[PDB]
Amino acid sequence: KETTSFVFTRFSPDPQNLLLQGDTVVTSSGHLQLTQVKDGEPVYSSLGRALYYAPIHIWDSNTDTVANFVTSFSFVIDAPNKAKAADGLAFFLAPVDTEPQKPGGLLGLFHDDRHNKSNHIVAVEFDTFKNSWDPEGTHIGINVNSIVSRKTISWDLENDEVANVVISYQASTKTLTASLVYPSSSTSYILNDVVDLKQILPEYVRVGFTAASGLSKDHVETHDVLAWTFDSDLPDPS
């Protein structure tokens, strides 16, 4: 049996147990600011990621076991002009050596808009900009090896309000669930789908966040993570 757990109710200025990639910084309020802000305004063409430093053991070939996990986090997206929001934020799992990929609508996750099993990426996206591969309207998606989500639901942005997300994986049913609640408006969203982590991901992964602002100067928004908890448990075989 193996377990891994961590809690941040805020982030400290030089978080050595996070691997910060691209533009990410920690703000003086203790938030993970994934995309750049200059003089109070979000900057275009920005991409940042943040991963927990330790690999997570999500399945074991030696014992044929697969882990459960539950992660919770709070985030804020603030678009000065809601009609020109872009591009969004994702929680993801990836190989341990993962590096940022293309900005904009590919969210730092993928090098192109195609499906590739060797990406070894599972993500939950909060997608604020309609690309050519996207459904109509802002949406939450489950992504497996592609920016073209396996499943999406409609999601209405409450601009500059705190969103509370919970993502869980139940190995026994191969089910990934993602929910988002805005306590400020009493609105909530949820979806789930079958995702077989043992078939998709390597035995060890890194987990974390990515976000990107739009690739034109007027399509900007912030992507800040305020708090994050993660728990995983890899059971003994039966």
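Numbering starts at 1 and runs along the sequence shown.
Averaged over CA atoms, B-factors in the entry run higher in 213-221 than in the other of 213-221 and 226-234. With 174-182 and 40-48 compared on mean CA B-factor from the PDB entry, the stretch scoring higher is 40-48. Considering 131, 152, 74, 168 together, the PDB entry gives 131 the largest C-alpha B factor.
Across 141, 88, 108, 137, the greatest Cα temperature factor reported in the deposited entry is at 137. Ranked within its chain, residue 164 lands in the lowest third, by CA B factor from the PDB record.
Placement of the Cα temperature factor of residue 206 within the chain: lowest third of the modelled residues, per the deposited record.
Among the modelled residues of its chain, residue 24 has a C-alpha B-factor that falls in the middle third, as given in the PDB entry.
Residue 96 sits in the middle third of its chain by CA B factor, as recorded in the PDB entry. Residue-level temperature factors show residue 188 in the middle third of its chain, judged at the C-alpha atom.
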